[PDB]
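The block underneath contains the structure these notes are about, expressed in structure tokens.
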Amino acid sequence: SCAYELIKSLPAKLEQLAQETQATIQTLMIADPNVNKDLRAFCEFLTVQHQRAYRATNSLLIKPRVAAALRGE
Amino acid sequence: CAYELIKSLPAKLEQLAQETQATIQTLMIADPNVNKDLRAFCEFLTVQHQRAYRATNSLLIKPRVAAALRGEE
């Protein structure tokens, strides 16, 4: 294929993971207040993780020479 | 089964890093400036899975948390 599309699709892949685990963590019946707090904090870690990636890939792919190189142009 | 899903996160991110860093290297780019940018992105990708690595392991080592994420044991 091409490297441009691999990298550009990276943020959505991380977003998918974040939702999978958040959704699954939600199907839990946890009574412990601290465990709930830990998992909540981990869930926010995954959201932040996605946004850093989104920002990093966005800043990368606007560089015309970079996009051209990744497209085999 | 939420325990395995969380436990496998860092490894999935490492796969993404590896695949990207690899297909990038299959591109023989000359512009040293573009290559510096891409190397900065690969660095970002390896630091990315190391953060997930620390996060997941820091969470799963807590007994109350592991027990909860498993079938409660």
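Labels for the structure tokens follow display order: chains A, B, ..., residues from 1 in each chain, ligands from 1.
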Residues near residue 13 of chain B, cut-off 8 Å, only C-alpha atoms, skip fewer than 5 positions along chain, as an MDAnalysis selection string = chainID B and resid 48:49 52
Which residues come within 8 Å of segment 66-68 of chain B, counting only C-alpha atoms, excluding same-chain residues fewer than 4 positions away, as a list in words?
-> residues 30 and 35 of chain A; 3, 59, 60, 61, 62, 72 and 73 of chain B
Would you work out the distance separating atom CA of residue 17 of chain B from atom CA of residue 42 of chain B, expressed in Å to one decimal?
->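 Separating atom CA of residue 17 of chain B from atom CA of residue 42 of chain B is a distance of 6.9 Å.
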Exercise answer, chain A residues close to chain B, 7 Å and only C-alpha atoms, as a count of residues only = 10
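The residue that comes closest to residue 15 of chain A, out of A:70, A:63, A:55, A:46 and on the basis of only C-alpha atoms, is A:46.
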Report as an MDAnalysis selection string: the residues of chain B with a DSSP assignment of helix (DSSP H, G or I), based on the backbone of this structure.
-> chainID B and resid 2:7 9:25 32:60 63:69
Minimum-distance residue to residue 19 of chain A, chosen among A:61, A:48, A:56, A:43 (using only C-alpha atoms) | A:43
Using only C-alpha atoms, the shortest atom-to-atom distance to residue 46 of chain B among A:18, A:38, A:53, A:59 belongs to A:53
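Across the structure, atom CA of residue 47 of chain A and atom CA of residue 15 of chain B are spaced 19.3 Å apart.
Remark: for residue 6 of chain A, the closest of the candidate residues A:73, A:34, A:62, A:57 is A:57 (distances computed over only C-alpha atoms).
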Neighbours of residue 5 of chain A within 10 Å (only C-alpha atoms; same-chain residues fewer than 3 positions away dropped), as a list in words?
-> residues 1, 2, 8, 9, 10, 67, 70 and 71 of chain A
